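# Fold and geometry: a report
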Amino acid sequence: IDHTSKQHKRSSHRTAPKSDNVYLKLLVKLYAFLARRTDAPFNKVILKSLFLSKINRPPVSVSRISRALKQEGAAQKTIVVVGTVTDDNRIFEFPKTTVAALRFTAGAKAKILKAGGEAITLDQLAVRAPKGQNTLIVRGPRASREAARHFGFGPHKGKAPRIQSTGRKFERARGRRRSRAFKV
Amino acid sequence: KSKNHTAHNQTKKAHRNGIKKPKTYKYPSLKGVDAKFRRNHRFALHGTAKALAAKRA
Amino acid sequence: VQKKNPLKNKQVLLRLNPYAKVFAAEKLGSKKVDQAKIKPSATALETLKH
Amino acid sequence: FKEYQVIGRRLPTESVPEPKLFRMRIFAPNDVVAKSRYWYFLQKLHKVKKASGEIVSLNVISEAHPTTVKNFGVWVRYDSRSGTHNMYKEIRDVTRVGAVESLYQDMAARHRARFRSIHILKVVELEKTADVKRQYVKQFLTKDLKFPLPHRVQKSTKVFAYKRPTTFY
Amino acid sequence: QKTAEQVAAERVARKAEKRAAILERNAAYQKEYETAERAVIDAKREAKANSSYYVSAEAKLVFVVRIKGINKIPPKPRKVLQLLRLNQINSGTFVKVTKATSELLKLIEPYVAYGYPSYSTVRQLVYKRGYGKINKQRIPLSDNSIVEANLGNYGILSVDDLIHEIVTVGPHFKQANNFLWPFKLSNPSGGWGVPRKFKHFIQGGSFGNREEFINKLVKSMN
Amino acid sequence: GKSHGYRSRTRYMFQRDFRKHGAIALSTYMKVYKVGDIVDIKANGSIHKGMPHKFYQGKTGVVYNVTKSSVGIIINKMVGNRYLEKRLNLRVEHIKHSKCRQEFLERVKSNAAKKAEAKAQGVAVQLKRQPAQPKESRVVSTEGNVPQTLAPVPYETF
């Protein structure tokens with residue numbers, strides 16, 4: 001029988017977390033329960049964004065969170081992160097807010113709580129917001145990782161070659177200037 | 001002695017990929033376009049930005 | 001859990017097409033039908049037969 | 001086989017509507033082969049093709065008097081390996097269809113000529129004996145024809161038999 | 001939990017209303033078919049009287065059965081046998097004929113049989129080997145309340161009401177026939193009525209167009 | 001030794017034309033290629049500068065740039081397994097406007113009016129195109145048109 005497509009093609013999607021982590025598999029279970037039974041879009045998102053690997057769940061800075069509040073008509077929304085919330089000392093006046101995250105750092109838990117805010121976890125977020133009522137999901141910047149610079153290297157892609165060290169005497173001559181044959 | 005060239009299999013190979021189109025984008029790279037035009041198209045865009053700020057008043 | 005083929009059972013046929021009762025009862029694969037009949041032609045027997 | 005009539009128009013063009021119409025007594029096994037054979041015979045006489053054209057009417061012609069033994073003259077253009085020939089065979093048969101069936105066999109047996117080689121150019125019931133040129137028809141047009149079937153043979157349904165067979169008749 | 005046995009008396013009443021409405025269509029469709037059949041006969045006859053040859057309309061609807069099995073087809077008529085969805089052998093369609101789809105048939109002409117089926121044939125297929133394509137998935141047409149849920153947007157509120165849209169070639173042919181999953185006819189019970197399946201209808205073999213001798217066949221392959 | 005120089009195998013492709021040598025008709029140079037215009041590419045022997053490579057003969061692109069004597073034309077050429085967009089820089093003289101886009105633009109303007117007329121009158125439209133249908137039934141007259149009995153002919157010499 002002529003197969004158009006590749007048969008038994010897997011999901012291409014973490015349907016489960018390859019993480020072993022007991023608690024997180026509780027936190028799936030509960031959000032899986034919801035995703036299905038609420039028929040809220042928001043829960044299907046959280047559930048997916050739990051399964052993401054560490055690379056794909058990069059740390060959201062409490063600075064970033066602040067921006068996502070300063071958005072129009074969203075200063076009172078409950079900022080759901082699914083990932084770490086990291087402390088950021090570049091900002092100062094971090095506003096009084098609730099934030100659900102998977103994990104905070106002792107910097108960022110304190111920096112939120114100092115404001116009068118509320119560091120929540122995704123179960124407590126479920127109680128308050130089963131369907132995701134007034135939530136506002138934030139993601140960390142995935143493309144700015146130290147690997148991803150090297151990804152897709154070549155002429156004339158404008159990207160970072162993989163090198164241990166360093167500066168001159170290290171991939172700065174032949175093929176990096178007209179003066180030594182050519183510029184890539 | 002050994003065989004020199006061919007393109008046998010060579011299309012079949014190419015269609016396992018798909019022969020994926022360029023993809024195209026709204027806003028193509030203005031890199032390459034006449035530099036005279038380009039220069040003014042920056043001031044153009046500088047102008048229209050300022051005007052949309054003035055309309056929001 | 002068992003496909004049925006609505007040209008078998010009737011009861012499944014008559015689970016589809018409520019009309020199949022009517023159709024069966026009035027027979028329909030039958031309807032005489034028709035009619036005092038005309039007309040032969042003129043040329044269409046001349047041309048045909050040659 | 002049957003003897004389809006096939007009638008075909010060409011198409012209507014703007015400027016020349018109501019075209020000339022054509023008609024062929026196609027000896028084709030069915031509606032579908034009729035419609036080929038018609039167009040195959042059209043495409044050799046006019047500048048029309050099944051695409052740029054249309055059938056008007058299939059009508060299956062039946063033998064008028066299909067239990068009367070007839071002396072059918074048939075003209076045939078058949079294509080050999082070498083070159084293409086005309087012919088004129090004569091066929092004692094009770095229909096045109098049977099004749100033209102039994103011609104295609106006779107061509108196939110005597111000239112290895114396949115159905116696809118042969119054209120049936122014209123078929124004609126011959127009224128007079130004398131117009132029957134061929135001897136092998138003429139045989140059976142004799143005043144008071146009697147003959148035997150010497151050497152009759154019996155199809156025993158069984159394998160064996162005990163009586164020891166006979167060809168009496 | 002409570003008052004759930006009353007809902008049986010509710011919903012079955014709505015279904016007693018639907019089965020009437022589905023009946024009164026199918027009575028009309030039967031009137032539509034028998035008159036449309038007659039009206040072509042009458043038109044043939046009336047015209048014959050007047051010297052004039054009446055020509056039948058070209059066949060709106062065509063049924064492509066794949067004949068050749070998968071595995072030594074060229075690329076182009078493999079792609080087209082993929083677009084009709086004749087991915088197995090001995091499989092069917094209903095392709096609404098146009099020019100567009102005539103020319104797809106001219107590409108795959110030696111890997112398929114096809115021709116112009118009838119209400120009867122289309123009926124016999126759909127009740128027997130009719131399945132829906134229900135969230136991808138080959139779900140069968142079992143019970144006409146399912147078809148109703150899927151195609152209810154484009155009308156079509158019974159299996160017969162779908163057959164209608166196929167046979168007649170209604171405006172929602174494209175959704176009916178994409179909902180109808182490809183037929184998986186068996187091998188013809190009589191046989192292909194040849195010796196050599198791969199040849200064409202003037203040459204004995206079972207492939208290509210064969211106007212109305214599809215009906216005879218498919219009824220066996222069904 | 002084998003050779004694949006820039007104008008390889010062009011013998012006929014740039015061969016000017018027949019009875020259309022020499023000077024180029026001046027409407028060529030008039031035609032206004034705005035950005036976004038769709039353009040086909042016929043080389044024009046005569047005009048040696050800005051000549052397209054023998055590939056793009058026939059190919060049909062989009063103008064991404066215009067300048068003094070020339071347009072840029074992005075043609076997405078297949079190559080192996082993946083179409084690389086390619087930016088040409090052709091002089092007008094090797095271009096022609098794409099008639100295919102002209103027909104379409106008209107059909108939009110008609111599809112404006114067929115909708116505007118219909119919604120004003122009484123909604124009902126049907127305004128896509130449709131592929132030529134199966135011919136509907138008809139009566140064809142034998143009156144003044146009795147059908148000729150054709151027959152296949154005998155094989156004569158020639």
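Residues numbered from 1 in each chain as written, not as in the entry; some residues may be left out. Chains lettered and ligands numbered in written order. Part of a larger assembly, values for the part shown. Heavy atoms only, no water. Residues with missing side-chain atoms left out of burial classes, pairs and counts.

Judging from the entry metadata, cryo-EM is the method by which this structure was determined, and 3.6 Å is the reported resolution.

## A few points about unusual backbone geometry
In this model, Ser165 of chain A is joined to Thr166 of chain A through a cis peptide bond whose omega is 5 degrees. Of note, the amide linkage connecting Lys32 of chain C to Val33 of chain C takes the cis form, showing an omega dihedral of -20 degrees. Along the chain, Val33 of chain C falls in the loop between α1 (19-26) and α2 (46-49). At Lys23 of chain B, a position not held by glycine, the phi torsion is positive, near 105 degrees. Residue placement: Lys23 of chain B occurs in the loop between α1 (10-17) and α2 (35-55). (Helix = DSSP H or I, 4+ residues; strand = E, 2+ residues; numbered from the N terminus.)

## Thoughts on the sheet that holds strand β4 (residues 84-91) of chain F
Residues and elements named next belong to chain F. Strand order in this open sheet of 5 strands is β4-β3-β2-β1-β5, and the pairing throughout is antiparallel. Two strands close off the open sheet at either side, each with one partner strand: β4 and β5 (95-97). Across the sheet, the mean angle from the axis of one strand to that of its neighbour is 45 degrees, orientation sign disregarded. As paired strands, strand β2 (residues 60-67) and strand β3 (residues 70-77) are joined by 5 bridges and run antiparallel to one another. Pairing of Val66 across the sheet is with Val71, part of β3. (Pairing = 2+ DSSP bridges. Axes fitted to C-alpha atoms, helices over the stretch in contact; angles between N-to-C directions.)

## Focus: the interface of chain B and chain F
Listed per partner, the contact involves 11 residues of chain B and 10 residues of chain F. Carbon and sulfur atoms supply 52% of the area that chain B and chain F bury against each other, a total of about 830 Å² over both sides. The interface formed by chain B and chain F holds 0 salt bridges in total. Counting across the chain B and chain F interface gives 4 residue pairs in polar contact. Residue composition of the side of chain B that touches chain F, grouped by class: 4 nonpolar, 3 polar and 4 charged. (Contact = heavy atoms within 4.5 Å. Buried area = accessible area lost by both parts, 1.4 Å probe. Salt bridge = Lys/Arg side-chain N within 4 Å of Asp/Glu carboxyl O. Polar contact = N/O pair within 3.5 Å; in protein donor to acceptor, adjacent residues only side chain to side chain. Nonpolar A, V, L, I, M, F, W, Y, C, P; charged D, E, K, R; others polar.)

## What about the interface of chain C and chain E?
Across the boundary between the two partners, chain C contributes 21 residues, which contact 24 residues of chain E. Across the chain C to chain E interface the summed buried area is about 2,100 Å²; carbon plus sulfur atoms make up 53%. A per-residue breakdown of the area chain C buries against chain E is headed by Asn17, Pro18 and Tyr19 of chain C, which together make up 25% of the total. At the junction of chain C and chain E, the tally comes to 1 salt bridge. Close ionic contact of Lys31 of chain C with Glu34 of chain E constitutes a salt bridge, the shortest N to O distance being 3.6 Å.

## What about the sheet that holds strand β1 (residues 60-61) of chain A?
Residue and element names in this part refer to chain A. Strand order in this open sheet of 3 strands is β1-β3-β5, and the pairing throughout is parallel. The strands lining the two open edges of the sheet, one partner per strand, are β1 and β5 (103-104). Bridge count for strand β3 (residues 84-86) against β5 is 2 bridges, and the pairing is parallel. Across the sheet, the residue bridging to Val85 is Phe104, located in β5.

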